[PDB]
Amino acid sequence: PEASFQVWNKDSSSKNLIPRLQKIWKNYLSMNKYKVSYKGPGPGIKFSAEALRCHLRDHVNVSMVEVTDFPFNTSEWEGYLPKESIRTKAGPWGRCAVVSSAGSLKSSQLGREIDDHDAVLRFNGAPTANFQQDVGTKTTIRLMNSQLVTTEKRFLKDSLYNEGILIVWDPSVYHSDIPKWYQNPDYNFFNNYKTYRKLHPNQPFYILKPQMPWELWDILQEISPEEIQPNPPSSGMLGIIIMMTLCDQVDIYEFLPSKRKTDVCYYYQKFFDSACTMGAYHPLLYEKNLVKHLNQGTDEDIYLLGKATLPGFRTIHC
């Protein structure tokens, strides 16, 4: 016969969420903090996986703030941003791993497998020490939100941040260009970016262009059967797209969750919240639908290992 097991449902909706998470999604729609007005193709468009993969290659620009982008060409900013492109400094690589921060990484023993990739991408303050067996020890790129850089005092102390390439991102007003956003960042991480950058010059540290998250959101909203959270996508999803541009093959672990699915938010923290898995602020739900939809692994890989495989843009047909 055939195996009857539940891996991530590609067509999940608000009407598949707990009431408590349903309310939170409604509230975020009202707020519209970032002044989103989706005027793209009506939500609910059906894309092939190959087709949607090209769409993401073509309509999402993965670029870092360069010295040529006004106003990072002004004197006050001179000598802060890294000289060469991130593409130059990072790879290209064959097989890469994106490690979510999910609590379901607990007792996964995924460490050795994670470390057999050329590069590993982690998020925010996700630690490696004490968790190597489940989580690995290698950190090649670390993606952080601007809130952490701005307000986490440990960002300028903990050695964990001192490994590999750093990238920071900050949500901007919807469809904003670089100068307007510089005026109105969601968190003013600019001082601390300059401050860290003074302390670790030989550590590459980039700033994601503010447009990248929204260009991705537009695609999310185009696919989704309903209106999604008017907030930018989660760090996890950005980290995936980033790696798809740096690798030929990206493995994502415990994003689409395994059989160890749990309310425990992080592998490295002891608190529960279903929202970290199912989404609150971020349209994480619809991000997961997209990953499942582009998965080139089997369902069995998801259930047992929490593992999803996407091809790098470098390798696709168009």
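Don't overthink the numbering: it's just position in the shown sequence, from 1.
Compared with other entries of the same protein, residue 257 falls outside the group left without coordinates by a third of them; all model it where both flanks are modelled. Residue 271, modelled here, also has coordinates in every other compared entry of this protein that models residues flanking it, well short of the third needed to call it frequently missing. For the two regions 69-77 and 137-145, the entry's Cα B-factors average higher over 69-77.
Between 33-41 and 280-288, the higher mean Cα B-factor belongs to 33-41.
Residue-level inspection of the entry shows that, of 130, 150, 231, 172, 130 has the top Cα B-factor.
Among 92, 239, 125, 213, the highest C-alpha B-factor in the deposited entry belongs to 92. Ranked within its chain, residue 54 lands in the highest third, by CA B factor from the PDB record. When the modelled residues of the chain are ordered by their C-alpha B factor, residue 84 lands in the highest third. Looking at the C-alpha B-factors along this chain, the one for residue 119 belongs to the middle third.
Sorting the modelled residues of the chain by their CA temperature factor places residue 103 in the lowest third. For residue 47, the recorded CA B-factor ranks within the highest third of the chain. Only modelled residues enter the ranking.
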